[PDB]
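Engineer: Mind folding the following:
(chains A and B, ligands or ions: 1)
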Amino acid sequence: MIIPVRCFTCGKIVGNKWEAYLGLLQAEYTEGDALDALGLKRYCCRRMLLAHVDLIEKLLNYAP
Amino acid sequence: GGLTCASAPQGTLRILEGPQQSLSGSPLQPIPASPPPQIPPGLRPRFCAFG
Ligand SMILES: [Zn+2]
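Structural biologist: Numbers count the residues shown, from 1 in each chain, chains lettered A, B, ... in the order given. Take a look:
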């Protein structure tokens, strides 16, 4: 639904790299370069953003 | 002055309309076969040890 606040396996906080991730992808950067530029070194954190599906943007479209 | 049976027909013709076959080219697929999954060029390591 919404970005997890902390990576599950480790606990590293990834809940503040969602908008930065989206901004570096709009600038032309690959998902690899983008996840690198955010400080997500170990692949347990990289999967936390790489495979996130933001469904809070589709629920926030039905009437109040 | 009536109609009488005449001589038996000597043959029969059966007509049908038929078109012909073209050359065998056998063009199986636009982009054919199962194209293989493959390596992204260079790639580079996306991880390092500590120290
Ligand atoms: Zn992690």
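Engineer: For the rest of this, base every contact and every neighbour count on C-alpha atoms.
Structural biologist: Will do.
Engineer: Surely residue A:2 is in contact with residue A:56?
Structural biologist: Yes - counting by Cα atoms under 8 Å, residue A:2 does reach residue A:56; the two are 5.7 Å apart.
Engineer: Tell me, how many residues neighbour residue B:49?
Structural biologist: 6 (other Cα atoms under 10 Å in any protein chain shown).
Engineer: Go ahead and flag the most central residue of chain B.
Structural biologist: Against the mean C-alpha coordinate of chain B, by Cα atoms, centre = their mean, the closest residue is residue B:26 at 6.3 Å.
Engineer: From chain A, how far off is that one?
Structural biologist: Applying Cα to the nearest Cα, to the nearest Å, the value for residue B:26 to chain A is 41 Å.
Engineer: Please list all residues in contact with the residue of chain B found nearest chain A.
Structural biologist: Taking Cα to the nearest Cα, chain A has its nearest neighbour within chain B at residue B:47, 5.7 Å off. By Cα atoms under 8 Å, 6 or more residues apart in numbering or on different chains, the residues touching residue B:47 are A:41-42.
Engineer: Three-state assignment for it, please.
Structural biologist: What DSSP: H, G, I helix; E, B strand; the rest coil gives for residue B:47 is coil.
Engineer: Can you find the residue of chain B that comes nearest to the ion?
Structural biologist: Of all residues in chain B, residue B:47 sits closest to the ion, at 12.7 Å by Cα to the ion.
Engineer: How about chain A?
Structural biologist: Proximity of chain A to the ion (Cα to the ion) peaks at residue A:45, 3.7 Å away.
Engineer: For that residue, which residues are in contact?
Structural biologist: Residue A:45 is in contact with A:7, A:10, A:12, A:14, counting by Cα under 8 Å, 6+ apart.
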